[PDB]
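Novice:
In UniProt numbering, the protein residues as written are 2 to 255.
Spelled out as structure tokens, the structure:
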């Protein structure tokens, strides 16, 4: 009867439908993956990680059986398993599966793809957790260049990698390079207002700039940043005046 059980029933039917569809027409594998991602998400939320893993393995087996091999699809499926392992807390396995994704792409054309740049970013982050800074930096830079060539310099994805490098440099106390990265991220993030970027990312950049400036001994610019982040986080509640001529009806909240 619970909300999560309802979401699961719906997601299961939708997966079962995509399974049957791929029984009648074995080529429709991409759509099965999409439906699986939603159900796998829900299984993760309830902590059934083995069920989530089974779903992605099933997606993978279908992709592997295609008569025309689709490396891009396999790359994506491996990255979904990698992310699953990451949320599960199996950090080595997450790195291993992102690396498998990258190897499939490197062997076919897909070096400079959307998926690949994403994978390299996510893999770099796992390497940060593995405390392998040089490997993390390498992959972040590659993700950065690829997103630069794919999207403009002026894009959410470029600013995200800048941010991630910033935190990497900051965590290894390379304060100078952290600063450059977070400022480049700030520059981009200001120029992008609509639903192509939520304002909470902009607040993170100020927050991160704050810690960087404070580490640099510029406590002034530090507080200015921490202030502007607070202004942003406050401004996403929205002000709704209640103009009136008498008191509102009170609810006893005890």
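Cβ coordinates follow ideal geometry from the N, Cα and C atoms, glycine included.
Only counting the same chain, and skipping five residues up and downstream in sequence, which positions put a Cβ closer than 6 angstroms to that of residue 22?
Specialist: The residues are 29.
Novice: Apply the 10 Å Cβ neighbour rule to residue 33 and answer buried if 16 or more other Cβ atoms are within range, or exposed otherwise.
Specialist: That one is buried.
Novice: Could you check whether residue 213 and residue 176 sit closer than 9 angstroms to each other, using their CB atoms as the reference points?
Specialist: Going by C-beta atoms, residue 176 is nearer than 9 angstroms to residue 213.
Novice: Just verifying my parser: in three-state terms, what is the DSSP assignment at residue 72?
Specialist: DSSP places residue 72 in helix when its eight states are reduced to three.
Novice: Determine the closest residue to residue 265 out of 186, 255, 18, with distance taken between C-alpha atoms.
Specialist: The requested residue 265 does not occur in the structure, where the chain is confined to residues 2 to 255.
Novice: Taking the straight line between their C-alpha atoms, what separation do you get for residue 106 and residue 156?
Specialist: The straight-line gap from Cα to Cα measures roughly 24 angstroms.
Novice: In angstroms, rounded to a whole number, what distance separates the CA positions of residue 114 and residue 142?
Specialist: If you take the alpha carbons of residue 114 and residue 142, they lie about 15 angstroms apart.
Novice: Once DSSP output is grouped into helix, strand and coil, what is the label at residue 200?
Specialist: The answer is helix: DSSP assigns residue 200 an H, G or I state.
Novice: Report yes if the CB atom of residue 78 is closer than 9 angstroms to the CB atom of residue 44, and no otherwise.
Specialist: No. Outside cutoff.
Novice: What does the alpha-carbon distance come out to for the pair residue 164 and residue 220?
Specialist: Going by the C-alpha atoms only, they are around 21 angstroms apart.
Novice: Assuming contact is defined by CB atoms lying nearer than 9 angstroms, are residue 131 and residue 145 in contact in what I supplied?
Specialist: Contact flag unset, no.
Novice: Using C-beta distances below 6 angstroms, list every residue in its chain close to residue 58, excluding the 5 sequence neighbours before and after it, in chain order.
Specialist: For residue 58, where only same-chain residues beyond five positions count, there are no Cβ hits under 6 angstroms.
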